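Only one chain comes next, encoded as structure tokens, the form solved without (2S)-HEX-5-ENE-1,2-diol.
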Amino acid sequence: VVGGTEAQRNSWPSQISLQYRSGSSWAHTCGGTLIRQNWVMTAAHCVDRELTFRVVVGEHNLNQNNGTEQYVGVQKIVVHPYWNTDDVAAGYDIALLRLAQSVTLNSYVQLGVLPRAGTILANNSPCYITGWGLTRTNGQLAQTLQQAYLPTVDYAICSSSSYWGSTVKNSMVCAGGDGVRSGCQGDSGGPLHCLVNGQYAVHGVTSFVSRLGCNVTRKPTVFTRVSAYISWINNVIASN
């Protein structure tokens, strides 16, 4: 996350780190949200390359044992039938991963709360972007989980020629754009947590940023709106 602060260990306990086996060890590639003891939600452009992946639930510092982490394998990857690699602007950036084993829930590992299908947020709704993503444009990954206050930008404003234009679809949530704070490479797939009904629900799956950089004035971070995929999410968990 660009322009972020460190989070406290118990802060966002449905946050996961998607890592791939990079020879001898494992490296962080993306975030995700734990949605079943055995299921994760991430972005489709993260699992595009056929690598060996692992999920780390209950992570905080990437580089240090925190004595709270659960390392689980991915036994099946389910990416949306319409994802097209080459067109992240089309939407459908969402994948579901069935984990090799069911995680143990505690104060550090908990399930992410999903919205009600069809829910659209008012402009400037309070949301937070979480992740291990670069802290500057062409920067390096954070060692600790970062959080940034990224309030939404509604779809009339975000598809303004001034902003992203027609690059953003109504199946996407836009948040930030102040040129200070944003999501960055390595945050992709991760949650956008918005306060609704005194509850934090994961309303985005971080999708992309501006090619000119991560924190650009009038370029907010774009998220896959979760509430548009509720009935696909359910149907996949149900048939597995």
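The numbering used is simple: start at 1 and walk along the sequence shown.
In the PDB record, does 129-137 or 105-113 carry the higher mean Cα temperature factor? Between 105-113 and 129-137, it is 105-113 that shows the higher mean C-alpha B-factor.
Where do the C-alpha atoms have the higher mean temperature factor in this entry, in 190-198 or in 59-67? Per the PDB entry, the higher value belongs to 59-67.
Per the PDB entry, which option out of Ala89, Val74, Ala95, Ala148 has the greatest Cα B factor? Result of the comparison over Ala89, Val74, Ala95, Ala148: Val74.
For the listed residues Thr152, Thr144, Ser161, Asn170, which one has the largest C-alpha B-factor as given in the deposited model? Across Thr152, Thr144, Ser161, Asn170, the entry lists the biggest C-alpha B-factor for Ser161.
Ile237 - which third its CA temperature factor falls in, relative to the rest of the chain: Its C-alpha B-factor, which the entry lists for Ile237, ranks in the highest third among residues of this chain.
Split the chain's modelled residues into thirds by Cα B-factor; is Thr33 in the lowest, middle or highest one? Lowest third.
What third of its chain's C-alpha B-factors does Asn215 belong to: lowest, middle or highest? Tercile = highest for this residue's CA B-factor.
Considering only modelled residues of the same chain, in which third does the CA B-factor of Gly179 rank: lowest, middle or highest? Highest third, going by the recorded CA B-factors of the chain.
Going by the entry, which third of its chain does the Cα temperature factor of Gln15 land in? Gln15: CA B-factor falls in the lowest third of its chain.
Beyond what is shown, the protein has a form solved in complex with (2S)-HEX-5-ENE-1,2-diol; the following relates to that form.
Partner absent here, but in the deposited complex, which of 33-41, 54-62, 173-181, 192-200 has residues with a heavy atom within 4.5 Å of (2S)-HEX-5-ENE-1,2-diol? Selected stretch: 54-62.
Since only the chain is shown here, I'm wondering whether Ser14 would be in contact with (2S)-HEX-5-ENE-1,2-diol in the deposited complex (any heavy atom pair within 4.5 Å). Judged by the heavy-atom cut-off of 4.5 Å, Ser14 is well away from (2S)-HEX-5-ENE-1,2-diol in the deposited complex.
Does (2S)-HEX-5-ENE-1,2-diol come within 4.5 Å of any heavy atom of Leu141 in the deposited complex? Within the cut-off, so yes.
Would you mind checking 13-47 for residues with a heavy atom within 4.5 Å of (2S)-HEX-5-ENE-1,2-diol in the deposited complex? If the 4.5 Å heavy-atom criterion is applied to (2S)-HEX-5-ENE-1,2-diol in the deposited complex, 13-47 yields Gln19, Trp26, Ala27, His28.
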